[PDB]
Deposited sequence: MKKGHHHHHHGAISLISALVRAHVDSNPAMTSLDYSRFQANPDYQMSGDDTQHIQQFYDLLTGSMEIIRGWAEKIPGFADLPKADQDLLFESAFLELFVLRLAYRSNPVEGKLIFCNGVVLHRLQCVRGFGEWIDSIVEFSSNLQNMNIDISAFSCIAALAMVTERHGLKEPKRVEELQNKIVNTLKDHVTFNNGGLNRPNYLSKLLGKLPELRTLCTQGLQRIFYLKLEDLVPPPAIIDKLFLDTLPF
C-alpha cells in the first residue's frame, strides 16, 4: 500500500534530482590528474565550485512540490541554511570515492589531491562520508527524499514552520512507503534508521566547511564573493 500522494511526490523528487545533475555520459576530465599551482588559483576554484552549484541547487529546490508555495523568506532561509549540506550530499553521491574522483554538478572531474589546497582537509571528510554513503547502496528514489529532507527541516527564523513540517512529514512518509514497497512489502527498520541517520552526519560534516570558509575569510588571501559572505552571515546560529 501507499500514502495518498506518495507516488506523485517521490516521482517529482526523483525528477528534481535527475534534472539538476551532471551528464555522466558527457563529463569533463580536462583538468583531472591523479598524481603545483599558486594558492590564489586553488582558493578561487574552491569559491567557483561552490558558487556554480548554488544556482543549480536552487533550481532543484524550486522543483520540490510545495516548496514554491512557501513564503520567499522561508524559501531563502531553507535553501541557504542547507546549501552546503546539499552541496556535500550531492557531491558524495555523485563521486567515486574508491578512485578519489570528485565529480561536481557542472560535470568537472577533479582528483582528491587536486582539491586539498582549496577545500583543506575537509575534502578528506567528504571522501570518507562518500564511501559510507555509497556502501549503503541507496537507490535514487530513497536518495531524492533524503536530499529533500536535508533542506525541508526546522530552522530558527521560519515564518510558517508547519508547511515545512507538513511537507517534511510527507517526504518521510513516502520514503517509508518506498523502502517497504521496494523490499516486497517487508519493512527495513535498520536501513531507514541508518538512512535518516545520515542527515546529522551531513550537518556535522558541513560545519567543517563553514570553518574552512571562515578560515579563508580571516587570512584574506582571496576574499570570498559577496554571495559566499551572505551565505555565511544569514546562517550563523542564534
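- Item | Deposited residues without C-alpha coordinates, grouped into stretches that follow sequence order | According to the record, the gaps fall at 1-6, 42-46.
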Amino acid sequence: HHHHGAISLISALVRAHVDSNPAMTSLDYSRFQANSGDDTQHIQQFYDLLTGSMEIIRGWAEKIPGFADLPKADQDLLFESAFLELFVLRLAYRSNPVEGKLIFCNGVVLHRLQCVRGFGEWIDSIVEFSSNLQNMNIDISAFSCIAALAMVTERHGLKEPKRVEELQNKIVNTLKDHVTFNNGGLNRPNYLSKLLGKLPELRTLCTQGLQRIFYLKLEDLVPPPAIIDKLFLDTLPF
From here on, numbers count along this sequence of modelled residues.
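- Stretch with the greater mean C-alpha B-factor as recorded in the entry, comparing 139-147 against 69-77: On average, C-alpha B-factors are higher across 69-77.
- Between 155-163 and 94-102, point out the one with the higher average CA B-factor as the PDB entry records it. On average, C-alpha B-factors are higher across 155-163.
- Message: I'd like to know which of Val172, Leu49, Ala34, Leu196 has the highest C-alpha temperature factor in the PDB entry.
- Response: Of the options given, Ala34 has the highest CA B-factor in the PDB entry.
- Message: Using only the C-alpha B-factors in the record, can you name which of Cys206, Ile43, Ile64, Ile57 has the highest?
- Response: If I rank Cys206, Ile43, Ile64, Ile57 by C-alpha B-factor, first place goes to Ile43.
- Task: Tell me, lowest, middle or highest third: where does the Cα B factor of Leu89 rank within its chain?
- Result: For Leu89, whose C-alpha B-factor we compare with every modelled residue in the chain, the answer is the lowest third.
- Task: Name the third of the chain's ranked CA B-factors that contains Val116, choosing lowest, middle or highest.
- Result: Highest third, going by the recorded CA B-factors of the chain.
- Message: Which third, lowest, middle or highest, does the C-alpha temperature factor of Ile228 belong to within its own chain?
- Response: CA B-factor rank for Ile228: middle third.
- Task: Could you look up the Cα B-factor of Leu216 in the entry and say which third of the chain it sits in: lowest, middle or highest?
- Result: For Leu216, the deposited C-alpha B-factor lands in the middle third.
- Comparing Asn21 with the other modelled residues of its chain, is its CA B-factor in the lowest, middle or highest third? Its C-alpha B-factor, which the entry lists for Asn21, ranks in the middle third among residues of this chain.
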